[PDB]
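Chemist: Just passing along the structure, written as structure tokens.
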Amino acid sequence: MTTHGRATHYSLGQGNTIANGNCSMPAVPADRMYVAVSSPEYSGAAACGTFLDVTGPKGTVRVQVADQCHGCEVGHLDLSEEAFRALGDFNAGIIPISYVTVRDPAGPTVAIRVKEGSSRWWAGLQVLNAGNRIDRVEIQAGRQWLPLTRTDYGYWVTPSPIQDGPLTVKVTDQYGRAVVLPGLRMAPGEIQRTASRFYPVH
């Protein structure tokens with residue numbers, strides 16, 4: 001589904017090592033290709049981590065959805081300066097664009113970052129590199145599953161305490177595909193990379 005609209009530009013700059021953009025990314029992407037999307041498209045942070053292929057005057061660039069543009073209408077992207085320069089003249093100010101959300105974008109394996117401050121009492125998890133929208137995130141409780149609550153800042157939080165010991169996390173994407181991630185540690189701040197993927201490399 002192609003959206004027709006416009007792009008302006010902004011910058012998160014260097015960023016920090018904790019939370020970048022409303023999506024609270026661990027880092028500004030190294031290629032500096034990212035975007036802030038309108039509140040409806042941000043969709044309570046459900047758009048976080050997804051990718052847009054944006055077509056402008058000079059060609060097409062892929063950007064990671066990393067932020068919310070509160071003042072943007074639907075169809076109006078706030079591109080990183082770097083993405084904007086790739087599509088148009090930097091001094092243009094605003095450029096016409098068309099864009100689509102990328103299905104199953106190439107990328108690394110799934111990772112989980114436990115939010116700083118997390119404990120058995122209350123914890124937050126961020127899912128990295130799912131590629132598409134995440135429908136739900138669950139933590140194992142015995143042989144049941146405790147469902148997490150999607151925050152509007154890129155994490156999933158516990159509605160009630162979790163069990164001690166290694167965490168097993170189940171992540172189901174918008175297309176019903178699930179990954180189960182065993183052996184995760186209560187390691188706040190750490191990016192815990194796994195072997196799991198929702199779809200293959202090729």
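Every chain in the structure tokens has a letter given in the order shown (A, B, ...), and although residue numbers restart at 1 in each chain, ligands are simply numbered from 1 in the order shown.
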List the spatial neighbours of residue 60 (chain A) as a PyMOL selection string - criterion: any atom at most 7 Å away, only C-alpha atoms, same-chain residues fewer than 6 positions off excluded.
Modeler: chain A and resi 53-54+87
Chemist: Please dump the current selection as a tab-separated table (two decimals), in the first residue's frame; keep N, CA and C atoms.
Modeler:
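Wrote it out as again.tsv, contents follow:
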chain	number	residue	atom	x	y	z
A	53	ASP	N	10.43	2.05	2.65
A	53	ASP	CA	11.14	2.39	1.42
A	53	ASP	C	10.53	3.66	0.86
A	54	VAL	N	11.30	4.75	0.92
A	54	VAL	CA	10.81	6.07	0.54
A	54	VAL	C	11.36	6.46	-0.83
A	87	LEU	N	17.56	11.69	-1.14
A	87	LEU	CA	16.37	11.80	-1.97
A	87	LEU	C	16.26	13.14	-2.71
Chemist: As a PyMOL selection string, please: every residue in region 1-172 of chain A that DSSP puts in strand (DSSP E or B).
Modeler: chain A and resi 3-10+20+25+34-38+51-56+59-69+76-80+95-101+111-114+124-128+134-141+144-147+149-150+156-157+167-172
Chemist: Got a sec: who's within 7 Å of residue 65 (chain A), counting only C-alpha atoms, leaving out chain neighbours fewer than 4 positions off, as a CSV table (one decimal) with N, CA, C and O atoms, in the first residue's frame?
Modeler:
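The result, stored in out06.csv:
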chain,number,residue,atom,x,y,z
A,34,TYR,N,16.9,7.0,9.1
A,34,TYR,CA,15.8,6.8,10.0
A,34,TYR,C,14.7,7.9,9.8
A,34,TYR,O,15.0,8.8,9.0
A,35,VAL,N,13.6,7.8,10.4
A,35,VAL,CA,12.5,8.6,10.2
A,35,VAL,C,11.5,8.8,11.4
A,35,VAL,O,11.4,7.8,12.1
A,36,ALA,N,10.9,9.9,11.5
A,36,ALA,CA,9.8,10.1,12.4
A,36,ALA,C,8.5,10.2,11.7
A,36,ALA,O,8.4,10.8,10.7
A,47,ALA,N,4.7,0.8,15.2
A,47,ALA,CA,5.5,1.0,14.0
A,47,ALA,C,7.0,1.0,14.3
A,47,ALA,O,7.8,0.8,13.4
A,48,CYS,N,7.4,1.1,15.6
A,48,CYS,CA,8.8,1.1,15.9
A,48,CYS,C,9.5,-0.2,15.4
A,48,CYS,O,9.0,-1.3,15.5
A,49,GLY,N,10.7,0.0,14.8
A,49,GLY,CA,11.5,-1.0,14.3
A,49,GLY,C,11.2,-1.4,12.9
A,49,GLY,O,12.0,-2.2,12.3
A,50,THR,N,10.1,-1.0,12.3
A,50,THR,CA,9.8,-1.3,11.0
A,50,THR,C,10.5,-0.4,10.0
A,50,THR,O,11.1,0.6,10.4
A,51,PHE,N,10.5,-0.7,8.7
A,51,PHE,CA,11.2,0.0,7.7
A,51,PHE,C,10.3,0.5,6.6
A,51,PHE,O,9.4,-0.1,6.2
Chemist: Do you know which residues are at most 10 Å from residue 159 (chain A) counting only C-alpha atoms, after dropping those on the same chain fewer than 6 positions away, and could you put them as a PyMOL selection string?
Modeler: chain A and resi 121-123+146-149
Chemist: Mind writing the picked residues with N, CA and C atoms as a PDB file, in the first residue's frame?
Modeler:
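Saved to out_18.pdb:
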ATOM      1  N   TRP A 121       9.858  -7.661  40.181  1.00  0.00           N
ATOM      2  CA  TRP A 121       8.684  -6.882  40.566  1.00  0.00           C
ATOM      3  C   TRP A 121       8.017  -6.263  39.346  1.00  0.00           C
ATOM      4  N   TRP A 122       8.843  -5.710  38.463  1.00  0.00           N
ATOM      5  CA  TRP A 122       8.374  -5.008  37.275  1.00  0.00           C
ATOM      6  C   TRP A 122       9.513  -4.960  36.272  1.00  0.00           C
ATOM      7  N   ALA A 123       9.216  -5.285  35.022  1.00  0.00           N
ATOM      8  CA  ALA A 123      10.250  -5.304  34.002  1.00  0.00           C
ATOM      9  C   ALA A 123       9.739  -4.786  32.671  1.00  0.00           C
ATOM     10  N   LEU A 146       2.560 -14.979  30.594  1.00  0.00           N
ATOM     11  CA  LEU A 146       2.132 -13.672  31.074  1.00  0.00           C
ATOM     12  C   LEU A 146       2.293 -12.651  29.953  1.00  0.00           C
ATOM     13  N   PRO A 147       1.185 -12.020  29.537  1.00  0.00           N
ATOM     14  CA  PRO A 147       1.238 -11.051  28.437  1.00  0.00           C
ATOM     15  C   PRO A 147       1.758  -9.688  28.876  1.00  0.00           C
ATOM     16  N   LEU A 148       2.642  -9.106  28.073  1.00  0.00           N
ATOM     17  CA  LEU A 148       3.186  -7.790  28.376  1.00  0.00           C
ATOM     18  C   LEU A 148       2.364  -6.690  27.714  1.00  0.00           C
ATOM     19  N   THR A 149       2.498  -5.482  28.247  1.00  0.00           N
ATOM     20  CA  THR A 149       1.763  -4.324  27.766  1.00  0.00           C
ATOM     21  C   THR A 149       2.663  -3.465  26.887  1.00  0.00           C
TER      22      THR A 149
END
Chemist: May I ask for the distance between CA of residue 72 (chain A) and CA of residue 157 (chain A), given in Å to one decimal place?
Modeler: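 The value is 27.8 Å.
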Chemist: Can you check which residues of region 4-197 of chain A DSSP gives as helix (DSSP H, G or I) on the backbone and send them as an mmCIF file with N, CA, C and O atoms, in the first residue's frame?
Modeler:
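Listing of out_3.cif after writing:
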data_model
loop_
_atom_site.group_PDB
_atom_site.id
_atom_site.type_symbol
_atom_site.label_atom_id
_atom_site.label_comp_id
_atom_site.auth_asym_id
_atom_site.auth_seq_id
_atom_site.Cartn_x
_atom_site.Cartn_y
_atom_site.Cartn_z
ATOM 1 N N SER A 39 1.597 10.601 14.228
ATOM 2 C CA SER A 39 1.086 9.882 15.386
ATOM 3 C C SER A 39 0.222 8.685 14.997
ATOM 4 O O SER A 39 0.346 7.624 15.599
ATOM 5 N N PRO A 40 -0.656 8.847 13.990
ATOM 6 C CA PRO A 40 -1.454 7.697 13.546
ATOM 7 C C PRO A 40 -0.606 6.563 12.966
ATOM 8 O O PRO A 40 -0.918 5.391 13.168
ATOM 9 N N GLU A 41 0.454 6.915 12.248
ATOM 10 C CA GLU A 41 1.336 5.917 11.657
ATOM 11 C C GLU A 41 2.283 5.328 12.699
ATOM 12 O O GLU A 41 2.720 4.184 12.570
ATOM 13 N N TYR A 42 2.595 6.113 13.726
ATOM 14 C CA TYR A 42 3.402 5.650 14.850
ATOM 15 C C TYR A 42 2.646 4.556 15.594
ATOM 16 O O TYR A 42 3.239 3.589 16.078
ATOM 17 N N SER A 43 1.332 4.729 15.688
ATOM 18 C CA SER A 43 0.442 3.673 16.159
ATOM 19 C C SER A 43 0.822 3.159 17.546
ATOM 20 O O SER A 43 0.920 1.951 17.767
ATOM 21 N N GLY A 44 1.027 4.079 18.481
ATOM 22 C CA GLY A 44 1.348 3.713 19.850
ATOM 23 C C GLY A 44 2.642 2.931 19.939
ATOM 24 O O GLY A 44 2.785 2.054 20.794
ATOM 25 N N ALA A 45 3.573 3.253 19.044
ATOM 26 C CA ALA A 45 4.901 2.642 19.001
ATOM 27 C C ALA A 45 4.914 1.287 18.289
ATOM 28 O O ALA A 45 5.956 0.638 18.204
ATOM 29 N N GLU A 81 18.402 13.907 8.222
ATOM 30 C CA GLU A 81 19.068 14.760 7.249
ATOM 31 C C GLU A 81 19.710 13.907 6.163
ATOM 32 O O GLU A 81 19.680 14.261 4.985
ATOM 33 N N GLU A 82 20.273 12.771 6.562
ATOM 34 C CA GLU A 82 21.015 11.921 5.638
ATOM 35 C C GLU A 82 20.106 11.244 4.616
ATOM 36 O O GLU A 82 20.458 11.135 3.440
ATOM 37 N N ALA A 83 18.943 10.786 5.065
ATOM 38 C CA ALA A 83 17.967 10.194 4.162
ATOM 39 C C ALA A 83 17.419 11.258 3.216
ATOM 40 O O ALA A 83 17.241 11.014 2.023
ATOM 41 N N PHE A 84 17.161 12.440 3.757
ATOM 42 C CA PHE A 84 16.631 13.548 2.967
ATOM 43 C C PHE A 84 17.598 13.967 1.861
ATOM 44 O O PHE A 84 17.177 14.243 0.736
ATOM 45 N N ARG A 85 18.890 14.009 2.178
ATOM 46 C CA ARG A 85 19.901 14.401 1.197
ATOM 47 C C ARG A 85 20.014 13.378 0.074
ATOM 48 O O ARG A 85 20.361 13.719 -1.055
ATOM 49 N N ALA A 86 19.731 12.120 0.394
ATOM 50 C CA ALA A 86 19.825 11.052 -0.591
ATOM 51 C C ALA A 86 18.688 11.160 -1.596
ATOM 52 O O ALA A 86 18.831 10.773 -2.756
ATOM 53 N N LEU A 87 17.559 11.694 -1.142
ATOM 54 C CA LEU A 87 16.370 11.805 -1.974
ATOM 55 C C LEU A 87 16.263 13.137 -2.707
ATOM 56 O O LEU A 87 15.661 13.204 -3.776
ATOM 57 N N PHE A 90 19.482 19.193 -0.219
ATOM 58 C CA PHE A 90 19.370 19.494 1.204
ATOM 59 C C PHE A 90 18.689 20.837 1.468
ATOM 60 O O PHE A 90 17.964 20.981 2.454
ATOM 61 N N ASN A 91 18.911 21.817 0.597
ATOM 62 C CA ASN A 91 18.323 23.142 0.792
ATOM 63 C C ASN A 91 16.925 23.270 0.192
ATOM 64 O O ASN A 91 16.381 24.370 0.104
ATOM 65 N N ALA A 92 16.350 22.144 -0.217
ATOM 66 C CA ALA A 92 15.004 22.130 -0.774
ATOM 67 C C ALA A 92 13.970 22.445 0.300
ATOM 68 O O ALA A 92 12.948 23.073 0.016
#
Chemist: Which one of A:93, A:176, A:189, A:105 sits closest to residue 124 (chain A) if you count only C-alpha atoms?
Modeler: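 The closest residue to residue 124 (chain A) is A:189.
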Chemist: Calculate how many Å separate CA of residue 193 (chain A) from CA of residue 165 (chain A), rounding to one decimal.
Modeler: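 A separation of 18.2 Å between them.
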Chemist: Report, in Å with one decimal, the straight-line distance from CA of residue 143 (chain A) to CA of residue 128 (chain A).
Modeler: 25.0 Å
Chemist: Pick out the closest residue to residue 101 (chain A) from this set: A:37, A:74, A:52, A:201. Count only C-alpha atoms.
Modeler: A:52
Chemist: Tell me which protein, DNA and RNA residues are within 6 Å of residue 7 (chain A), counting only C-alpha atoms, leaving out same-chain ones fewer than 5 positions away, and put them as a list in words.
Modeler: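 Within the cut-off, the hits are residues 76, 77, 78, 94 and 95 of chain A.
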Chemist: Would you mind exporting the chosen residues as a PDB file, in the first residue's frame, restricted to C-alpha atoms?
Modeler:
ATOM      1  CA  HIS A  76       4.315  13.561   5.970  1.00  0.00           C
ATOM      2  CA  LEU A  77       7.623  11.997   6.997  1.00  0.00           C
ATOM      3  CA  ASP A  78      10.314  13.711   9.036  1.00  0.00           C
ATOM      4  CA  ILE A  94      10.484  19.939   1.578  1.00  0.00           C
ATOM      5  CA  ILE A  95      10.179  17.278  -1.121  1.00  0.00           C
TER       6      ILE A  95
END
Chemist: Taking only C-alpha atoms into account, name the residue in A:131, A:161, A:154, A:142 that is nearest to residue 174 (chain A).
Modeler: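 Closest candidate: A:131.
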Chemist: Quick one: residues within 7 Å of residue 167 (chain A), only C-alpha atoms, excluding same-chain residues fewer than 4 positions away - as a PyMOL selection string?
Modeler: chain A and resi 139-140+182-185
Chemist: If we count only C-alpha atoms, what is near residue 180 (chain A) at a cut-off of 8 Å, once residues fewer than 4 positions away on the same chain are taken out, given as a ChimeraX atom specification?
Modeler: /A:168-171,196
Chemist: Write the residues of the preceding selection, restricted to N, CA and C atoms, as a PDB file, in the first residue's frame.
Modeler:
ATOM      1  N   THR A 168      12.015 -16.927  29.581  1.00  0.00           N
ATOM      2  CA  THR A 168      11.641 -17.404  28.259  1.00  0.00           C
ATOM      3  C   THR A 168      10.605 -16.443  27.695  1.00  0.00           C
ATOM      4  N   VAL A 169      10.916 -15.860  26.544  1.00  0.00           N
ATOM      5  CA  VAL A 169      10.071 -14.830  25.958  1.00  0.00           C
ATOM      6  C   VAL A 169       9.515 -15.278  24.617  1.00  0.00           C
ATOM      7  N   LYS A 170       8.201 -15.160  24.464  1.00  0.00           N
ATOM      8  CA  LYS A 170       7.553 -15.475  23.202  1.00  0.00           C
ATOM      9  C   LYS A 170       7.101 -14.203  22.506  1.00  0.00           C
ATOM     10  N   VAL A 171       7.588 -14.013  21.286  1.00  0.00           N
ATOM     11  CA  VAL A 171       7.238 -12.851  20.487  1.00  0.00           C
ATOM     12  C   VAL A 171       6.502 -13.293  19.226  1.00  0.00           C
ATOM     13  N   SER A 196      17.366 -16.470  16.792  1.00  0.00           N
ATOM     14  CA  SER A 196      16.037 -16.572  16.197  1.00  0.00           C
ATOM     15  C   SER A 196      15.744 -15.509  15.142  1.00  0.00           C
TER      16      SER A 196
END
Chemist: Could you check the closest approach to residue 57 (chain A) for each of A:134, A:97, A:195, A:112 and tell me which residue wins, using only C-alpha atoms?
Modeler: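 Of A:134, A:97, A:195, A:112, the one nearest residue 57 (chain A), counting only C-alpha atoms, is A:97.
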Chemist: When distances are computed from only C-alpha atoms, which of A:133, A:26, A:120, A:156 shows the smallest separation from residue 192 (chain A)?
Modeler: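 Checking each of A:133, A:26, A:120, A:156 against residue 192 (chain A), counting only C-alpha atoms, the winner is A:26.
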